[PDB]
Structure formats: structure tokens, C-alpha cells
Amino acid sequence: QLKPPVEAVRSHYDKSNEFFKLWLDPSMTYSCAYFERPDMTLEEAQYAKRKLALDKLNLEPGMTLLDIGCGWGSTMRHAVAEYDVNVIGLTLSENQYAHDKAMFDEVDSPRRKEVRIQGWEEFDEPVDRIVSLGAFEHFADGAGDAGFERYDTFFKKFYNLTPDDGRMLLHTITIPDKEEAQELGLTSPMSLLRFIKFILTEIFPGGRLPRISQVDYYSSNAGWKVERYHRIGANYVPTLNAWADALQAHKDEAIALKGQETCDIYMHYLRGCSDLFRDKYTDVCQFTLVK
């Protein structure tokens, strides 16, 4: 069986909740926002992004929703409150677990609000609908068993854990297909290579970005059909800019918590990544997978 990338994932996400709070929106949503309307704030765009994803699962009350890689819980909390479903959240982060365990305790509701420190590789329960936002980029990584081949186990596992009317909303960052890349005229300056190196070393160790053709191959191989490809990477520019700005704003506060270095590293990372999505080097897509 497969082994979850615990140390690699925790090296980032367990940096400090207080820290992440300083620059993330109030719901601490940590994935590409969605500005469905020009005048939304980051916080409203995040809600819009969550809604966009959830409305595609055609959720009815009573169903059990599975959030693979639930971060700081926003999607779970939103799912219950707006669709009245039961939710199980998976994460490898200890601080996110701690944070969500407490966040759920605040408001009481009939439905189930479960958060676990369990990898998708170990999940084995029947669920109605699945949602994963910004966690997929870690799925080709593992504690010793890294490799894209992992996607195959992924789409099969969850194809078998869902009903005939099963649906999965896969939200992930993506890189251009061999062709679509040359048409964009994407170059790789020495500075770009240095940045990627910086990201894979200090920010997201083990991260791997899929091409759309990869998601198609492995998901279809399990029997899934993409009912809709919704590319929205351009939205990541406002998002990453909002995050970097918010961090600049509370710079003194942040330098207090984590020091000077950590803050320089993060600003560099937030700023650098924005241009990647603006320049079309990377994109974001929400695959609506159905049977």
C-alpha cells in the first residue's frame, strides 16, 4: 500500500497557525480564490470559490461529503452550513487538525463534522461526494513511494468508494501540455529555474504539478469522465497578491512570530508565484469528474 508524505507536508503547513492567519483571509482558505464578480474581497472570492466547487457535486441533505486535504477547514464548515451534509476531512497537518477540531466545536449542528490526521492513501470508507482543493499537487509525492503512478491508485480507490451517481470535484494547479506550452511561447530563464529550485526546497518539498492529459489518463483509466474542465488560473494573481500584501502589512507582527528569514522567504515565494500564473507558466483547473 501507499505511504503518505507526512514530513514533506508538515514542513510547510505546520509552520504556525498564528502566522498563516496574519495573511490569509478570515476563513484561512489556502487555494486559488475565485473572483466571480469584480468587486469581491479576498474573503468573498474564497467563499465564491468554495461555492463554485460545491455546487458541482449536486449535494442533497444527509449525504456524506469527503474533503481530501481540508487545510484549515473552510470547505467543511461551508459544506455543512450551506448544503446540510455530513463532512469528513482529511489532512496530514497537526496544526490544521488542532485548529479544525476546535473550530467545529464552536458551532453545534446535527450533521457530522469530522477531521482526521489520515492520508487519502489510507482512507477506506463509502462516501457520496468528494472535493479536493489544492491538495492534489502533493498526491504524486509519498514517504518513499513518490511517482505519478500514484494517481492511478487515487482515482481507482475513490471510484470504488462512491455510488453510481458519484461525483468528484478535483481542483489543482497544472502545467501546460507539451503542445499548449510551445504555442504559449514559454521560456525558462535562469531566474525562473532558480525560483522553482527555491520553491521545491524551502516551500513545497515533493510537490508535483500534473498536466491536464495526466489527469485524463489516470482518471479515465479508473472509469471517470470529465463532465467539465473549468480553468481559472488567472484568479491566482489577485489571490497571491492579496496574500503577499497582507503579509507586508503585518510584517512586524510576522517577524515577531517566525523571525526575519521566514518572512523574507514567504514574501519571495508569494510574489514569485503570482507572476507564474499571470505569465501562463502555470494554471488552475477544476475537473468535474462523473461516472
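The first residue of the shown sequence is 1; numbering continues from there.
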Looking at the deposited entry, does 173-181 or 188-196 carry the larger mean Cα B-factor?
173-181
Can you let me know which of the two, 101-109 or 115-123, has the higher average C-alpha B-factor in the entry?
101-109
Between 235, 29, 241, 64, where does the Cα B-factor run highest in the record?
64
Maximum C-alpha temperature factor per the entry, among 54, 70, 246, 48, belongs to which one?
246
Divide the modelled residues of the chain into thirds by Cα B-factor and specify which third, lowest, middle or highest, holds residue 2.
highest
Ranked against its chain, the third holding the CA B-factor of residue 207
lowest
Using only modelled residues of the chain, where does the Cα B factor of residue 23 rank: lowest third, middle third or highest third?
middle
Assigned third (lowest, middle, highest) for the C-alpha B factor of residue 134
lowest
Quick tally, chain-level thirds of C-alpha B-factors: residue 16 sits in the middle
